[PDB]
C-alpha cells in the first residue's frame, strides 16, 4: 500500500533542494501511480534550535515508522562552536546509521558529458571520463568501535578510538561491492591499509574470500594512500571501490571532487532489509541557502535512489534519472555547473526542479 517517507531536510540548502526533490517525486507519483506519504522531521541544526539536540526522539521514531529517510544536509556556522558530541552533522548522521544498521553506503560518482571543464582534473584526464562507485562500510570500523574516549590528564592525557571489523561485517559490504561491479565493469578495487592495520589484514583476507562467489569480477587491492594518488591520475581505471568506514569517507569525497560537479551526486545508505537514508553527497552549503541558486539535482537523485533501493520502484527511479539527464543536456544547469563565460545562463533551484518534474510528467 502507501509507502511512508521520513523527510529530514536539515539545514542550509537542505530545505530548498528538498522542495525540488519532493516536486520531482510528485511527478513520478502521478506517472507510475505510486502512493507515497511523507512526514517532515527536524534534524541537525534546526533540531538543535527547535528541540535541543540534533536527532530528537520524535525524529528517530518518525524514521522507525518509515520505509526510507529522504535526508537533506546538516550543519552550519551557527552550531560549529558546539562540543563534538552536540554538533549537528555527526549528531544526526551517525546515530541514524547506527540505529538503522545502515551498513552499506553507496556514492556513485561520474564525470558528466559536457561538464569535464568543471573537473579539477587536467583536461586530457577529464576527457577520458570516469564512473566510480564507492561502496563504503558505514556502521563499523573506527566510527563505532569501542573503546572510544579519553583517560588521564595533562601531558599524559590520551584519547583513543578502536578500528574493529568482524568477518561478517567485511563480507556483507564486500558482497554489495561485488554485486554492484557485476552490473557495471566487473572490477572491485578494495582499499585498505593492510600493510599497517590488523583490521585491514582481515579486510583484505575476507574480501578475497567473498570473491570466490564472483569469478566474473576482477578483484584488486590498493592502499588508501596510493588510492588517493591513483584516483587523481587515472580515475577511468576504477569501477567499484570497496572501503572501510574511514577509508571510504576519505575516498568518496576525493572522487566526488574529481567530478567537479558535486551538486549532481547522491548517495544511499542501506540496511540489509531495504530501509535506507538517501542524501546528497555535498553539504548544507549555508553560504548559499535561501537564494534559489543551490543545485537540487543531488537531492532529486537522492529521491531516485530512495525509489530504487527502498521502495522497489525502479521505473520511477530511472525516470527521475532521465529527467536529470535531460536537464543537463537541454541547457538547464545551475550556476556552479557553468564556466564564467556561461554563468548568465544559470537556472535557479526552482527552475531546475520545475524542468525535471516536467520532464518526468512528459514521459522522459
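Positions refer to the first chain, counted from 1.
When the mean C-alpha temperature factors of 122 to 130 and 263 to 271 are read from the deposited coordinates, 122 to 130 comes out higher. Higher mean CA temperature factor, per the PDB entry, when comparing 78 to 86 with 216 to 224: 78 to 86.
When the C-alpha B-factors of 192, 209, 237, 253 are ranked from the entry, the top spot goes to 237. Across 136, 164, 150, 97, the greatest Cα temperature factor reported in the deposited entry is at 150. For residue 142, the recorded CA temperature factor ranks within the lowest third of the chain's modelled residues. Compared with the other modelled residues of the chain, the Cα B-factor recorded for residue 249 ranks in the lowest third. In the PDB entry, residue 359 places in the middle third of its chain by CA B-factor. Per the deposited record, the Cα B-factor of residue 296 falls in the lowest third when ranked against the other modelled residues of its chain. Among the modelled residues of the chain, residue 168 sits in the middle third by CA temperature factor in this PDB entry.
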